[PDB]
Structure formats: structure tokens, C-alpha cells
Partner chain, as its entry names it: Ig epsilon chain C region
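In the block that follows, a single chain appears as C-alpha cells, in the form deposited without its partner chain.
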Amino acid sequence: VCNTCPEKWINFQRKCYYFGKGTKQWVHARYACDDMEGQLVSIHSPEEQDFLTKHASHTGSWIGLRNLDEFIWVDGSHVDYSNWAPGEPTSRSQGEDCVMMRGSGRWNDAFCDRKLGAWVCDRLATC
């Protein structure tokens, strides 16, 4: 059984999630996750998305998705499952390289220096 979570983290399947609060730019949230032995959340299934939507802040949260050159998760994994809001991401939005999750759970690309009140970390559950 792999459902062991560190204190303050919530289990879902083989992963642990941390629903962070506090005003952060994308890179500030990326390091807040790293310093807690986690990473900004990577989403790989509609079941995982549904669980996140249920615990997510109504005012928007940073997720581990970013445009490098192609959108890639901070942990290195490529996008299989996606939950972009209609029309997203837009090709012509130069500089809107980071991804936030709305209260609905749908994804929007955004300027990296935008300050959001929430961010979500993930890590593997222990046994």
C-alpha cells in the first residue's frame, strides 16, 4: 500500500499533494515546492484533475507546466493528459509561458511574474 503522506499533504492514488497559500510568482512557487521535497504539480489523468479541482483555490493556482522552447512539466514529463480552457494556449501571447489552474480546474497560460494566492506541489507517496 502506497498512501503514506507527510504531515499537511493529502494523498491521492500513488501521490501526495500540498495545497499552498500565499502570494507567489511562478518561479517563487516552483522553489517553495522544491524546498519541501516536492515539485509544482504534474497532471496525468482526468481522475487526478478531478481530485485537484475539488481541493483547488477558487482564485487560481500555479501548476508545474511551462513552455520551454512545447509545454513540459517541471519533473521532466511531457504532456499526455491536458485540461486547457477553450482557445488556450494562444500562440501570439509572447511571454505568457507559465500555467495556472482556474477554480474550474481548467488551464490558462500566464505571465510568469503574475502573483497568485495559491500553488500546488506533488511528490510520490511512501509505503
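Throughout, rigid core stands for the largest set of C-alpha atoms superposing within 1.5 Å between the two forms. Shifts are known only where both forms have a C-alpha. Positions refer to the first chain, counted from 1.
Heads up, the form deposited with its partner chain bound isn't pictured, but that's what we're talking about next.
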Even though its partner chain is not shown here, does residue 25 get within 4.5 Å of it in the entry with it bound, heavy atoms only? yes
Mark residue 59 yes when one of its heavy atoms lies within 4.5 Å of a heavy atom of its partner chain in the entry with it bound, and no otherwise. no
Since only the chain is shown here, I'm wondering whether residue 102 would be in contact with its partner chain in the entry with it bound (any heavy atom pair within 4.5 Å). no
Could you identify the runs between the shown form and the other one where three or more consecutive residues, present in both forms, all have C-alpha shifts of 2 Å or more after superposing the core? 67-69, 91-94
